[PDB]
Amino acid sequence: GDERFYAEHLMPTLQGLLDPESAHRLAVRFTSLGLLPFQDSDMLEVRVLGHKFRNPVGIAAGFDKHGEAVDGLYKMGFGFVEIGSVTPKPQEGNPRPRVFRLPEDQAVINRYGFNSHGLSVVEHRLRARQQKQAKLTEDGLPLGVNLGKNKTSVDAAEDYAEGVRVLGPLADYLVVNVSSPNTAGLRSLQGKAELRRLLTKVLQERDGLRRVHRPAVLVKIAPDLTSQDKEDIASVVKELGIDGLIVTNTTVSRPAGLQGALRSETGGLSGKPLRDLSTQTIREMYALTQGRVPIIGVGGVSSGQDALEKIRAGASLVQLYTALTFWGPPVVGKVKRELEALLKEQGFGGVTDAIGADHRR
Ligand SMILES: Cc1cc2nc3c(=O)[nH]c(=O)nc-3n(C[C@H](O)[C@H](O)[C@H](O)COP(=O)(O)O)c2cc1C
Ligand SMILES: COc1ccccc1-c1ccc(NC(=O)/C(C#N)=C(/C)O)c(Cl)c1
Ligand SMILES: O=C(O)c1cc(=O)[nH]c(=O)[nH]1
Numbered sequence: 033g034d035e036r037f038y039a040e041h042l043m044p045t046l047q048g049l050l051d052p053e054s055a056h057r058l059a060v061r062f063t064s065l066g067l068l069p073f074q075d076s077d078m079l080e081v082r083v084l085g086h087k088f089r090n091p092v093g094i095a096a097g098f099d100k101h102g103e104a105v106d107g108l109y110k111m112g113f114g115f116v117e118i119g120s121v122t123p124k125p126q127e128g129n130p131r132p133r134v135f136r137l138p139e140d141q142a143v144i145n146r147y148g149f150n151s152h153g154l155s156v157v158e159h160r161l162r163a164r165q166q167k168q169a170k171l172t173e174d175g176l177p178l179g180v181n182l183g184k185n186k187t188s189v190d191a192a193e194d195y196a197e198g199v200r201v202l203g204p205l206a207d208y209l210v211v212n213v214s215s216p217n218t219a220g221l222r223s224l225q226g227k228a229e230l231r232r233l234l235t236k237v238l239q240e241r242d243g244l245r246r247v248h249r250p251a252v253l254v255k256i257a258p259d260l261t262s263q264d265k266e267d268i269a270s271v272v273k274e275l276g277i278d279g280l281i282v283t284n285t286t287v288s289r290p291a292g293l294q295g296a297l298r299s300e301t302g303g304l305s306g307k308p309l310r311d312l313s314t315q316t317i318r319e320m321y322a323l324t325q326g327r328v329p330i331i332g333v334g335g336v337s338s339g340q341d342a343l344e345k346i347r348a349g350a351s352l353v354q355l356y357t358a359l360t361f362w363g364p365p366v367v368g369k370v371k372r373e374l375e376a377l378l379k380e381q382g383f384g385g386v387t388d389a390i391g392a393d394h395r396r
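Under the deposited numbering, residues 33 to 69, 73 to 396 are what the sequence shown spells out, in order.
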């Protein structure tokens, strides 16, 4: 579980033996079987979204789409796990190959298209460990469930509403994912009037659940939005009392300077080239919501400095996925140790004190 050996030997060898989707499937299997080998200091604890989070570093959606590896992800050191996206009915997603690595850029491009076991399957899987999750949550290890919509659905809002009804009772927070670049028309749900109508319905459905099964609701947004789109989102989120934002999904942009041979593949780009575009989006959303709406910052986090930049820009919590595909499991403890060292070096009493700090200088 030594960073160097994973980084220099194990991951590169793995990457030479398997295609990227196979490597992801084996990583889920391995993690879920518990074949996995940092004690979190109090400075890392954060209280938000009606929960305690023992550390602010989560696994982003997409790695565990069907809720198979939740316990092995906490064992990896993540302070919170998000599963999904999950769609109402099962569906296979796009044809393969649909995942591409850009190792010269430390980036990935994927176009899975919401391959999902569906709500019923994920529901039974989570019910089999529901009381165990209740104790993990009370111990500072919460669970998010990210909701998507089926490719051929004719009523997007009813797909999310169904997600709320079936998985909301099993989640500490739900994510209305309206930012996949890999589902036709989906990102237009981020528009003001579509968004307000969609989220009104979601929140009415969430508020209809019994109090102990009533999750926070967050909206996950793209990094590709116009300034007008961001203003409209901020306004809707404040008008409706949305509980938080997840910022950001992958980018359909292809920044100048990408070197990987596969850079012109269709799909969302994740990893280092997305990092500052995501940080800047957090920074803007935090300012437009006056610091009053929790943000989970995600996009290109691969180190403590990456995490702290997003926290100082306005994130209460961060997630990563793509870094794990290059550095393997040791990157989790790495990010937490470096983040703790930087908070001390910069004078913060803990993560809480750093949240949004760039906006107060
Ligand atoms: C292979 C892959 C599949 C993904 N699937 C989803 C998904 O199902 N739902 C979602 O909201 N985000 C999904 N994401 C986006 C990640 O959750 C995250 O928003 C984005 O990758 C930026 O983080 P990163 O640079 O650390 O990977 C996926 C990302 C990747 C790499
Ligand atoms: C439990 O995961 C690992 C444990 C030990 C060593 C390597 C891994 C591992 C191996 C592969 C992956 N995933 C990928 O390589 C990948 C790509 N490309 C994606 C899309 O998940 C991940 Cl997330 C982790
Ligand atoms: O294709 C997917 O399933 C998917 C990819 C991605 O990058 N983001 C997302 O929200 N869904």
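Every residue, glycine too, gets a C-beta built ideally from N, C-alpha and C.
query, result
"Environment of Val210 [buried if 16+ CB atoms lie within 10 Å]", "buried"
"Sequence-distant residues of its chain with Cβ nearer than 7 angstroms to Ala206 (five each side left out)", "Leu178, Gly179, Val180 and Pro250"
"C-alpha distance - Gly220 paired with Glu229, whole-angstrom precision", "12 angstroms"
"Residues bridged to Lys255 [DSSP beta-bridge criterion]", "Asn212 and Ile281"
"Coarse secondary structure for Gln141, derived from DSSP in three states", "coil"
"Whole-angstrom C-beta distance between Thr316 and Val272, which should lie under 8 angstroms", "The Cβ separation is near 14 angstroms, so there is no contact."
"Member of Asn129, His248, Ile390 and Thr218 whose CA lies at the smallest distance from the CA of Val201", "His248"
"Backbone CA spacing between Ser64 and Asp106 [nearest angstrom]", "7 angstroms"
"Endpoints, alpha helix (DSSP H) assigned at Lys307", "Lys307 -> no alpha helix (DSSP H), and no H or E assigned at all."
"Check: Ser215 C-beta below 6 angstroms from any heavy atom of ligand 3", "yes"
"Unbroken alpha helix (DSSP H) run spanning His86, endpoints", "Where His86 is concerned, there is no enclosing alpha helix (DSSP H), although the beta strand (DSSP E) it sits in stretches over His86 to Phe88."
"Option nearest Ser214 by Cα separation, candidates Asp264, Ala291 and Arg298", "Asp264"
"Residue burial classification, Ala191 (beta-carbon count within 10 angstroms, cutoff 16)", "buried"
"Proximity winner among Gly153, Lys87 and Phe113, relative to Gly102 (alpha-carbon distances)", "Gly153"
"Where the alpha helix (DSSP H) containing residue 71 begins and where it ends", "Here the chain is numbered 69 followed immediately by 73, so the structure offers no position for residue 71."
"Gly363 vs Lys345 beta-carbon contact at 7 angstroms", "no"
"Rounded distance between the beta-carbons of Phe115 and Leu182, thought under 8 angstroms", "About 17 angstroms separates the two Cβ atoms, so there is no contact after all."
"Close beta carbons around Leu108, own chain, < 7 angstroms, minus the five adjacent residues each side", "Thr63, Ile94, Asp99 and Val116"
"Beta-carbon proximity list for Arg160, same chain, < 6 angstroms, skipping 5 on both sides", "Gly102"
"Own chain residues within Cβ distance below 6 angstroms of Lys369, not counting five before or after", "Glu35"
"beta-carbon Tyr208 near ligand 1 non-hydrogen atom, thresh 6 angstroms", "no"
"Helix, strand or coil at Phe383 according to DSSP, with G and I counted as helix", "coil"
"Complete alpha helix (DSSP H) runs within the stretch 135–197 (minimum length 4 residues, chain order)", "154–162 and 165–173"
"Contact check, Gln126 vs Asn185, beta carbons under 7 angstroms", "yes"
"Under the three-state DSSP convention, the category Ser288 falls into", "coil"
"Within 7 angstroms, strictly: CB atoms of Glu375 and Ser338", "no"
"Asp140 beta carbon less than 7 angstroms from that of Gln381", "no"
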